[PDB]
Amino acid sequence: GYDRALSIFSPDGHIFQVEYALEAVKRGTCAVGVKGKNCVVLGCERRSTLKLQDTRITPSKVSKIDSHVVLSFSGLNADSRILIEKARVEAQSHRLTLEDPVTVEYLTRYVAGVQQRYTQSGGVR
Amino acid sequence: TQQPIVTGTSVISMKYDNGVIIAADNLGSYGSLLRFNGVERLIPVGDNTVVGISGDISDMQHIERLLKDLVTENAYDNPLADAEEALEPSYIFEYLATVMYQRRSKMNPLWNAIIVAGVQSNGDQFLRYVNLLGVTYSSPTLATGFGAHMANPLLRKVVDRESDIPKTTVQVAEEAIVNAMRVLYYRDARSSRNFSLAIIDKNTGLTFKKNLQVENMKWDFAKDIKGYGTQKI
Amino acid sequence: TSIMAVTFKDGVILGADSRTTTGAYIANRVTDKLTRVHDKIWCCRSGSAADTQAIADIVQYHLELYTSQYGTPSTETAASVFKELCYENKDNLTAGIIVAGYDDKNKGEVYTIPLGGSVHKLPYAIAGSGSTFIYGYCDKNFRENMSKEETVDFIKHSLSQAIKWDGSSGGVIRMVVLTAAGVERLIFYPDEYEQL
Amino acid sequence: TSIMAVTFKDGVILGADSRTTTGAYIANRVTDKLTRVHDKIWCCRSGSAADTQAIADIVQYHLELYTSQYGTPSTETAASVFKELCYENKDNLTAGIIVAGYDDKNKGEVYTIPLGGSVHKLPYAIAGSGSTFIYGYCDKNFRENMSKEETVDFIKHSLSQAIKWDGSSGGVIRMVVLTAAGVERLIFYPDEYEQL
Amino acid sequence: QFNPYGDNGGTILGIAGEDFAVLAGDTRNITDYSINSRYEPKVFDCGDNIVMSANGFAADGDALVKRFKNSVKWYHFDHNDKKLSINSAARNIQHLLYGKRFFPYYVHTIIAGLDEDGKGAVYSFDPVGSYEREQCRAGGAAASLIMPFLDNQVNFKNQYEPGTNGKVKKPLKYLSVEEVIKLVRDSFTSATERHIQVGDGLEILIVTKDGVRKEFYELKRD
Amino acid sequence: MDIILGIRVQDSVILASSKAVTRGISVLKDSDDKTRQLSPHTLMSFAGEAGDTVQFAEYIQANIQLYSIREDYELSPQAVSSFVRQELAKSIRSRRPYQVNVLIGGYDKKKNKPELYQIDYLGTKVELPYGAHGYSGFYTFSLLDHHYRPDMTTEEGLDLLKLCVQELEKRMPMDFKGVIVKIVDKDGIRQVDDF
Amino acid sequence: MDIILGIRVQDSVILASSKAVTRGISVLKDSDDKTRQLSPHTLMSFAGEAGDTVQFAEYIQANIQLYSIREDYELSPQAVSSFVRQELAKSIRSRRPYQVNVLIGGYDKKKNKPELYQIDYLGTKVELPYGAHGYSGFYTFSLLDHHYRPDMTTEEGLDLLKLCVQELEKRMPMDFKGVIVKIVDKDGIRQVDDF
Amino acid sequence: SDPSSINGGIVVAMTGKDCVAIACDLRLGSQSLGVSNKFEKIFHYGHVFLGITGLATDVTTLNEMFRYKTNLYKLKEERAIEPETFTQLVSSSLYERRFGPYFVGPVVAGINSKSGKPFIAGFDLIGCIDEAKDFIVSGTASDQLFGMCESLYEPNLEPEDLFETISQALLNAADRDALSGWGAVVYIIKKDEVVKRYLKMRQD
Amino acid sequence: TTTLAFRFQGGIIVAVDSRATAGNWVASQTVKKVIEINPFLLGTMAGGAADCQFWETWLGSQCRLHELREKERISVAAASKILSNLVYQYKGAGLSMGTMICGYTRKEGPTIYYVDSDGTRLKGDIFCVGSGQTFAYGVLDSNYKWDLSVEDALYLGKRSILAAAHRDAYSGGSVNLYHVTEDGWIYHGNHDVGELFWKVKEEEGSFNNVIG
Amino acid sequence: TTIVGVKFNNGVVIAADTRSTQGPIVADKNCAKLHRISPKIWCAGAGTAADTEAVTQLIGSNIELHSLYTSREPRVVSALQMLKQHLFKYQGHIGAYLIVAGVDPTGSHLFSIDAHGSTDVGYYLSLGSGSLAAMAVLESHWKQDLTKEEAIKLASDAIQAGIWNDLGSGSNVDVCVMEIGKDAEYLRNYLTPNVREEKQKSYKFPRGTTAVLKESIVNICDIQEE
Ligand SMILES: [Mg+2]
Ligand SMILES: [Mg+2]
Ligand SMILES: [Mg+2]
């Protein structure tokens with residue numbers, strides 16, 4: 001299998017592939033989150049360079065991970081689908097074994113763990 | 001219930017125009033060991049019947065003693081013991097068939113397959129089979145054990161149905177029997193080269209031939225056979 | 001089966017009957033049980049016909065590949081390859097093989113490999129179901145350094161008796177003579193050996 | 001066991017080994033397997049030691065009562081009494097008996113009675129586990145009308161080979177000679193027959 | 001271990017008409033894949049206008065028939081030569097069979113004849129003696145091949161009158177002796193094609209007020 | 001476990017399941033709910049070998065819940081039943097098969113029809129007006145064959161169900177400690193708390 | 001059959017026996033009386049293999065009735081129980097043994113004492129204050145060990161018996177369809193028709 | 001215990017003049033217990049018809065499998081699969097499970113769209129092809145079906161006559177089998193029209 | 001097999017199916033599962049066909065001998081016990097029986113005894129025996145009353161066998177009905193299940209699951 | 001099943017009966033047991049019918065690829081070696097019993113193969129349930145230097161012995177002749193000695209005899225345009 005170390009340190013102590021991944025996030029459409037006293041609101045930007053779009057069927061920017069947790073993102077759209085799928089599977093796995101839905105902190109900790117793993121695994125970016 | 005110990009293999013037989021022929025080899029096997037080489041398995045009763053027996057030899061010797069006692073008993077207070085009131089093939093068979101079925105019904109069988117060959121008072125050919133289960137049947141050709149699988153097919157090519165019997169001479173019938181015995185020697189691992197053959201004819205009576213051998217065998221072609229596939233030398 | 005191999009002054013001779021059985025039915029009356037794994041290394045087969053054919057074919061392959069790399073193999077080497085297959089696959093095999101060969105350095109040699117997969121080097125060897133009936137005869141009549149004609153008679157008389165008593169053995173007596181002169185095949189028919 | 005009986009010019013000789021086993025343990029190494037059922041009618045025993053002893057004792061009783069009423073019985077008669085017991089009780093017995101005797105009218109006779117209970121009159125007979133290994137030797141070496149010395153040698157050499165190959169056979173070779181002259185017992189020790 | 005039973009194959013068929021009855025059977029006798037006989041009679045005239053067949057294990061079959069024939073003989077001795085009626089014969093055979101309830105005759109028995117009103121009669125038995133009067137009954141190896149055909153062609157099962165579409169059944173009109181024999185021959189010809197134990201020959205025994213008549217027909221010998 | 005029944009009426013599906021759980025000699029529980037909600041309008045009851053039953057039911061539940069989140073859409077009863085059948089058909093040739101029989105009662109919101117599916121541990125699926133597993137059908141089907149109509153109300157269905165349970169309580173040797181009854185219709189799933 | 005109980009109080013013996021008869025799949029009867037009166041002051045209940053139970057009980061009954069006529073005298077409960085034990089002890093080494101367990105409750109008119117004997121199919125006899133056969137004791141003995149007193153009244157004995165049956169109805173898997181209860185005292189044998 | 005007779009059922013197929021017929025019963029059971037009277041055993045992929053008897057779970061599984069395979073066949077080949085080719089696909093698919101087989105008795109029936117030739121075939125559970133000119137039978141009453149077909153069948157029957165022959169063959173065979181019946185269906189197949197008829201029969 | 005018998009105001013109804021099978025093969029559709037012991041007594045056939053036939057016609061012989069010796073009709077209790085005592089002697093040997101001995105006498109009234117080959121002898125009001133017994137019990141239990149008319153009781157027995165014949169694979173063929181009175185039994189005909197099913201479906205409105 | 005193989009002057013002939021059975025029932029009355037491995041290498045099979053075809057086609061497929069790879073016509077010894085090694089690996093579980101015959105540049109050949117992988121060489125061979133009946137005929141009438149006409153006669157006579165005397169065999173005789181320097185001639189139904197006699201009666205029903213509940217047209221066509 002392809003084992004090449006793509007994420008590595010540089011002389012100044014930086015991992016450029018992780019830093020260039022942030023530059024992809026900078027390019028993505030803006031997303032914002034605000035929590036009130038008894039609610040949280042997620043706002044998202046849709047670039048109007050694309051009209052003649054079918055808004056019924058086009059992938060929405062906010063995604064339900066479970067009935068009580070949502071996820072939005074900025075960056076590569078195709079990459080986000082892989083994180084969303086993994087998160088949804090883990091949410092159902094937690095309900096099955098612990099007999100209780102995930103806390104928001106647990107779901108975040110899982111997704112963040114997947115992202116970290118892809119920064120020191122061979123053959124992946 | 002028992003198991004057969006010392007055993008005899010095929011008995012073969014057929015009808016022809018004026019009578020019947022029956023044959024069986026002279027071997028008494030002990031499993032795969034060809035132990036006894038001088039065993040007579042055709043036993044004549046009077047001058048009109050020959051009983052051929054396969055299977056357990058100890059039980060054969062018992063049956064042989066029953067037939068011997070049957071002849072003695074029939075002669076008692078019987079002025080026509082050597083004439084009108086002599087033992088018929090049909091009398092001898094029915095007696096044996098009764099014994100075989102009774103013994104299987106007590107769960108203690110005589111472990112044999114028997115063929116009674118003979119000629120009746122009126123000249124009619126008699127040929128019928130009975131075994132350890134008491135099962136009986138008649139046919140223009142009859143054979144036991146391996147003979148059933150290999151001899152019958154050859155003998156049935158001569159006499160295929162009832163109407164073929166008057167068309168079959170004693171020379172043609174004996175020829176077919178002798179050939180069948182050769183084929184059995186080629187292919188039955190519990191057979192021997194030495195055998196006995198008996199003819200019961202309505203005109204010439206009972207002819208009993210001992211110490212016959214399988215002859216005119218084909219083996220020469222064996223020299224050309226090498227290996228099991230690819231080997232040339 | 002009745003099989004045997006006998007060393008003598010000029011080399012070694014292998015002998016065998018030709019009967020193959022499935023129960024009491026003789027499935028083949030003219031079988032060749034003397035099999036060639038190398039020019040002057042042959043074997044006698046007893047047990048499962050499938051197993052001994054599969055083994056002999058593999059050994060023939062091994063010795064052909066040995067020859068291409070290291071030159072002619074010894075009879076001991078051929079016996080070892082047979083043993084390796086029989087021993088390591090003892091749970092799944094039913095094979096009793098006698099290996100016989102002629103070198104110029106070692107002359108005639110005989111190795112017997114029974115069921116378990118052990119090896120035994122002997123002056124002569126007997127095997128197969130029919131061999132049981134001639135242990136007495138062979139032990140009394142074998143001499144070392146016999147002539148070709150004496151060895152042929154010893155094997156002919158021995159297998160004749162094995163055939164006479166064993167229902168599983170029969171047919172023709174095949175023989176293969178291994179000497180410096182080359183490889184000679186012999187055959188003896190029932191009318192010949194039965195009257196002995 | 002290894003047992004045999006052989007007719008010759010002057011009568012008949014019975015032969016036997018002396019080993020009795022329970023598994024691999026030799027329960028008795030000096031057993032007498034040659035047994036007297038009448039003055040000049042003896043038998044050789046193989047199979048269950050209990051069964052063959054019980055049978056022989058009953059036969060001895062039958063022939064003693066026969067003698068008191070009808071005079072000396074024939075060897076054929078003795079064989080018949082053995083057969084009647086072995087055949088009628090075949091389901092419950094494990095016995096292989098050879099009956100040998102001397103008449104003046106019939107001279108030396110031998111009858112063998114295998115497991116099933118059948119009877120076979122023969123010029124000579126072999127039986128027991130060790131007999132398998134000497135079918136070849138005996139068939140090749142037996143002649144009719146041998147002398148006493150030749151018959152003793154034939155039996156000695158035969159049972160020697162049976163003992164050599166059969167673990168169940170061993171010890172001394174016992175023999176009993178039956179002629180018009182009377183009854184002679186012989187014994188041969190290992191140091192004698194092993195070097196043959 | 002000793003097995004006191006065997007299987008001799010064979011197939012038999014009994015049909016009861018208005019004033020007649022037939023009992024047919026193939027003449028082939030077998031064990032395993034071998035043919036013992038191409039002509040071994042299986043249907044028997046037992047006297048008193050009664051025909052009988054005991055199919056299955058031939059030794060038990062022959063024993064039963066022999067004992068019934070004997071029972072007819074002794075019925076005459078004991079009851080002033082009175083004719084044994086088919087119903088009385090049937091009840092008698094039950095007692096013969098049940099007598100060996102715990103070591104049965106391994107056969108399927110069928111008898112045929114006329115009842116005391118002169119009408120056709122067939123009785124069918126299991127190995128241990130349970131019995132029924134029946135109109136149509138096949139027994140033995142190819143019974144499963146023959147019975148569905150008879151249901152359709154004798155009793156007109158699943159056949160309705162054209163135009164009505166299932167509302168009116170096809171009427172059960174009486175069959176002649178010639179018509180029955182046609183159906184018997186076609187039954188055995190079809191059974192011969194598809195069952196290995198059926199073949200060689202077909203023997204039919206016909207029973208009327210005039211007595212017992214026989215007919216024989218060839219079957220395929222492969 | 002033991003008895004599970006199902007009946008499809010005009011506008012709903014009714015599932016009835018026994019409450020007893022027996023560990024050989026003793027009855028350990030008499031209030032056990034042998035069912036799982038797969039989706040808002042789909043219910044599955046189950047019976048078979050101990051442990052395997054709940055393990056299988058919860059596994060199916062998790063998978064259907066995962067599908068619902070991914071697509072933001074409820075699968076049809078027919079689609080759910082096919083998924084369940086395939087899992088059991090896969091299971092029967094495994095190293096250790098699931099020994100579980102199920103009934104799937106669902107209301108199809110697209111077709112506005114109730115649907116009842118019977119699936120055994122081999123993966124044998126049939127759509128039925130009424131169904132059962134084990135010996136339950138042997139006692140109840142003769143009553144259902146007589147009284148059942150396709151235009152029955154939910155109340156009539158419950159009454160016919162009571163007659164079935166009464167026959168079970170009379171002729172069955174085992175004490176199954178009554179049944180929990182649940183109704184599946186256009187408004188979802190609810191439990192009848194007095195039966 | 002299934003459950004048979006017995007309890008000896010101050011002045012009487014009380015026997016309780018189940019009413020159900022089950023032929024494998026179905027309950028054929030729910031009113032079966034598993035008892036026989038051997039003599040005016042001696043009652044025997046029974047449970048075991050089908051057929052053998054009634055055949056044995058009636059055989060014993062006939063023998064005790066024969067004795068009563070011959071001698072014009074009623075045998076003591078102890079004497080009857082010994083006779084029954086010997087018959088079962090004889091039976092256990094027969095060709096085909098009686099597979100029957102019994103309880104014998106009797107009132108001895110000479111000693112003015114109630115007596116309860118427990119005998120199994122092997123011929124194992126014991127005199128007890130309370131007894132049972134099969135699995136019945138496993139559920140009931142802990143309650144009887146706690147509440148039983150030798151000076152209990154008949155009414156107190158019946159109440160303790162109700163508590164035993166309630167525990168059987170709760171924890172036993174089989175539905176034995178209630179019990180028929182009979183009392184044996186100085187006045188003879190009578191049945192409690194409401195239980 | 002025997003997987004091939006747990007659920008019960010039968011299929012029969014016949015040839016006629018420029019036509020074929022395939023028919024089956026509608027019963028599904030759990031041994032003695034009748035479970036369903038609507039369990040059809042005949043499926044079709046384009047103009048090729050497949051009947052399947054035996055273990056019901058495998059009947060359903062194989063239908064789904066051959067639908068899968070004939071759909072991919074059509075997309076790649078750009079034409080519907082023919083009876084001769086489909087027969088080989090069934091045989092291949094069954095033999096790949098040689099030592100863990102589907103417990104079924106499939107029957108293929110159809111007309112070749114190019115040659116117009118009527119075609120039928122049968123298989124054992126392990127893939128062996130029986131390609132008869134006259135008729136094919138399968139299921140728990142196969143013995144009975146062999147008996148009916150062998151006597152009732154004659155060659156070159158017209159479509160409407162063939163319907164009567166195959167219907168009477170099925171019905172009377174099913175009525176002599178405990179595990180078959182509870183309704184029946186008959187397909188009459190011509191080169192470009194197929195008629196499906198449900199039969200009225202006894203429901204015991 | 002499905003056989004039933006029940007007691008009611010007008011006597012006893014006996015109803016049976018007609019099918020006999022050897023494995024999956026249907027041997028007969030015209031079997032007689034009601035044994036006519038004598039003009040006053042009936043017995044049903046389940047388990048072993050021969051065992052039931054043989055021993056219940058034998059029972060008839062014993063009943064005939066009883067009334068010759070005692071100059072009085074045998075009771076159902078005594079008749080059933082002769083049979084149960086006989087089969088108990090054979091216990092272990094392998095007899096197979098499940099039967100209802102049915103009769104109506106002066107001293108007893110309508111009486112039914114279930115008799116079994118393992119020795120069981122039970123008096124009762126409703127009995128149902130065979131592979132389709134559970135189906136027939138369902139229809140019986142939900143519709144049975146003591147005050148049924150002879151007409152309605154006959155139908156209930158017919159309908160209960162039909163229920164079993166439909167669902168049980170090993171039951172069917174035809175239904176045989178009997179009505180047992182004090183003056184003897186009365187035969188109420190043979191009814192083909194094929195024709196009966198469609199007739200009942202239409203007239204009753206039952207079996208909506210089946211298309212007709 | 002009865003299958004035979006017979007060597008002659010300039011080639012080899014194989015033959016077989018045409019009955020296939022499911023226990024005592026005849027599944028197909030005109031079965032084809034002579035299989036083609038390559039144009040001039042044919043084999044007959046007994047035992048498990050699926051196995052004999054499957055193993056014949058697999059080896060036949062690999063033989064074809066081997067022939068294309070080497071630019072040589074296939075040899076019988078190659079078919080033999082590939083068949084026995086395959087069968088040995090499966091330890092007898094693939095129940096194929098074969099008689100393999102053919103002609104190639106080396107000459108004409110005749111072998112038999114057992115399900116466990118054992119092979120043997122011969123001038124005449126027989127396999128199947130009717131092999132003992134067939135071998136009886138072969139042992140009675142075989143000689144050295146048979147002609148083509150004599151070998152076909154002997155082979156078919158041996159199959160007939162199986163047809164008439166073995167219940168496992170029946171119907172027709174199939175033959176295939178492989179002569180050196182010639183095309184192999186496959187003679188399907190070479191003998192037909194078992195035609196069924198005309199029936200006594202016609203069983204054609206009147207139209208409308210069967211009761212029908214529902215009729216409907218089945219849509220076998222694809223989704224239509226417009
Ligand atoms: Mg020693
Ligand atoms: Mg044939
Ligand atoms: Mg039914």
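Numbered from 1 within each chain, the chains take letters A, B, ... in sequence-line order. These numbers come from the heavy atoms of this one structure, side chains and all, not from hydrogens, waters or symmetry mates.
- Rounded to the nearest 0.5 Å, atoms CG (C:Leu178) and CD1 (C:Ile41) are 9.0 Å apart.
- Here the closest non-hydrogen pair linking D:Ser2 and D:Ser131 is OG-N, 4.4 Å.
- Panel note: side chain B:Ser29, backbone B:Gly31; no donor-acceptor pair is recorded below 3.5 Å.
- Scanning both residues, J:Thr119 and J:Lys84, for their nearest heavy atoms gives OG1-NZ, 3.1 Å.
- For D:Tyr189, the side-chain contact (heavy atoms from CB on, under 4.5 Å) partners are D:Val172, D:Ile187, D:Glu192, not counting sequence neighbours.
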Could you check C:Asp10 against C:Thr179 for side-chain hydrogen bond (donor to acceptor under 3.5 Å, both in side chains), going step by step and ending with a plain yes or no? CA-CA 6 Å; C:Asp10 307 328; C:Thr179 59; over 6 Å; no
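- Figure legend: cation-pi geometry between J:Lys7 and J:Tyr124 absent, as NZ or CZ is not positioned both under 6.0 Å from the six-membered ring centre and within 45° of its axis.
- A pairwise comparison of heavy atoms in J:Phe88 and C:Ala50 identifies CE1-O, 3.9 Å as the closest pair.
- By the 4.5 Å heavy-atom criterion applied to side chains, J:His116 and J:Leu87 are not counted as neighbours.
- Taking the six-membered ring for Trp, J:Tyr90 and J:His86 have ring centres closer than 6.0 Å.
- Annotation: side chain of C:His157 is in contact with side chain of D:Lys140 (closest heavy-atom distance under 4.5 Å).
- Rounding to the nearest 0.5 Å gives a distance of 11.5 Å between CG of D:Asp17 and OG of D:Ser160.
- Note: D:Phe154 and D:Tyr137 have parallel aromatic rings, judged against thresholds of 30 and 60 degrees for the angle between ring planes.
- Checked by atom type, the side-chain pair C:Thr67/C:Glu64 shows no donor-acceptor distance below 3.5 Å.
- Proximity of a side-chain donor or acceptor of C:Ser48 to a complementary backbone N or O of C:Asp51 within less than 3.5 Å is detected.
- At least one side-chain heavy atom of B:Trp219 sits less than 4.5 Å from a side-chain heavy atom of C:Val30.
- In this structure, CG in C:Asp153 is found 11.0 Å from CG in C:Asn141, a value given to the nearest 0.5 Å.
- With a 4.5 Å cut-off on side-chain heavy atoms, J:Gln144 and B:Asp220 count as touching.
- Between B:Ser191 and B:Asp25, the side chains place no donor N or O within less than 3.5 Å of an acceptor N or O (distance only, hydrogens not considered).
- With sequence neighbours left out, the side-chain contact (heavy atoms from CB on, under 4.5 Å) criterion links D:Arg29 to D:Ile26.
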Verdict with supporting geometry, D:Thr20 and D:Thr31, side-chain hydrogen bond (donor to acceptor under 3.5 Å, both in side chains): CA-CA 7 Å; D:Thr20 303; D:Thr31 315; 2.6 Å; yes
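- Under a 4.0 Å N-O distance rule, the pair D:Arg143/D:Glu150 qualifies as a salt bridge.
- Judged as a ring pair (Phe, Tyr, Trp, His ring centres under 6.0 Å), and not counting sequence neighbours, C:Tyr193 has no contacts.
- Applying the side-chain contact (heavy atoms from CB on, under 4.5 Å) criterion to C:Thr35, with sequence neighbours excluded, gives B:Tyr228, B:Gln231, C:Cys43, C:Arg45, C:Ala56.
- Considering OG1 of B:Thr230 and CZ of J:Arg75, their distance stands at 12.0 Å, rounded to 0.5 Å.
- Looking at heavy atoms from C-beta onward, D:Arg19 lies out of side-chain contact with D:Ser169 at the 4.5 angstrom threshold.
- The shortest heavy-atom contact between D:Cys44 and D:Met4 is SG-O, 3.9 Å.
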Identify all side-chain donor-acceptor contacts of residues 100-115 of chain C below 3.5 Å with residues at least two apart in sequence or on another chain.
| unit_1 | atom_1 | unit_2 | atom_2 | d |
| --- | --- | --- | --- | --- |
| C:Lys107 | NZ | C:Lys9 | O | 3.3 |
| C:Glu109 | OE1 | C:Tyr111 | OH | 3.1 |

Any chance you could lay out the side-chain contact (heavy atoms from CB on, under 4.5 Å) test for B:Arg187 and J:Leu132, step after step, and finish with the verdict? CA-CA 9 Å; B:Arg187 244 62 212 201; J:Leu132 271 64; over 6 Å; no
Could you please spell out the steps behind the side-chain hydrogen bond (donor to acceptor under 3.5 Å, both in side chains) verdict for C:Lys33 and C:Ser18? CA-CA 7 Å; C:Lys33 302 180 182 185; C:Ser18 68; over 6 Å; no
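- Salt-bridge check for B:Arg193 with C:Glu194: passed, with a basic side-chain N closer than 4.0 Å to an acidic carboxylate O.
- C:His38 and C:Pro73 make their closest contact through NE2-CD, 3.7 Å (heavy atoms, listed as atom of the first residue, atom of the second, distance).
- In this structure, C:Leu85 and C:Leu93 approach most closely via the heavy-atom pair O-CD1, 3.5 Å.
- Put simply, the side chain of C:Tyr87 never gets that close to the backbone of C:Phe82: no donor and acceptor are under 3.5 Å apart.
- Looking at heavy atoms from C-beta onward, C:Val12 lies out of side-chain contact with C:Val6 at the 4.5 angstrom threshold.
- Remark: B:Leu33 pairs with B:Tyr30, B:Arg35, C:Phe133, C:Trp165, D:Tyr135 by the side-chain contact (heavy atoms from CB on, under 4.5 Å) rule, at least two apart or across chains.
- In this structure, the side chain of D:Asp166 engages the main chain of D:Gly130 through a donor-acceptor pair within 3.5 Å.
- Between C:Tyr124 and C:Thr7, the closest side-chain pair of non-hydrogen atoms is not below 4.5 Å.
- To the nearest 0.5 Å, the span separating CG on B:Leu27 from CG on B:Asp188 amounts to 9.0 Å.
- Judged by distance alone, the side chain of J:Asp104 and the main-chain N or O of J:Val76 form a donor-acceptor pair under 3.5 Å.
- Here C:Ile126 contributes atom CD1 and C:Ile155 contributes atom CD1; the two are 12.0 Å apart, rounded to the nearest 0.5 Å.
- Here the side chain of C:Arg174 pairs a donor or acceptor atom with the backbone of B:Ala222 at under 3.5 angstrom.
- Looking at C:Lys148 and C:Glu184, a side-chain N of the basic residue comes within less than 4.0 Å of a carboxylate O on the acidic one, giving a salt bridge.
- Judged purely by atom type and a 3.5 angstrom limit, C:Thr21 has no side-chain atom pairing as donor or acceptor with the backbone of C:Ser168.
- Checked by atom type and distance alone, the side chain of D:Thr1 never pairs as donor or acceptor with a backbone atom of D:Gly128 at under 3.5 Å.
- Considering only heavy atoms from C-beta on, J:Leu110 stays 4.5 Å or farther from J:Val121 through its side chain.
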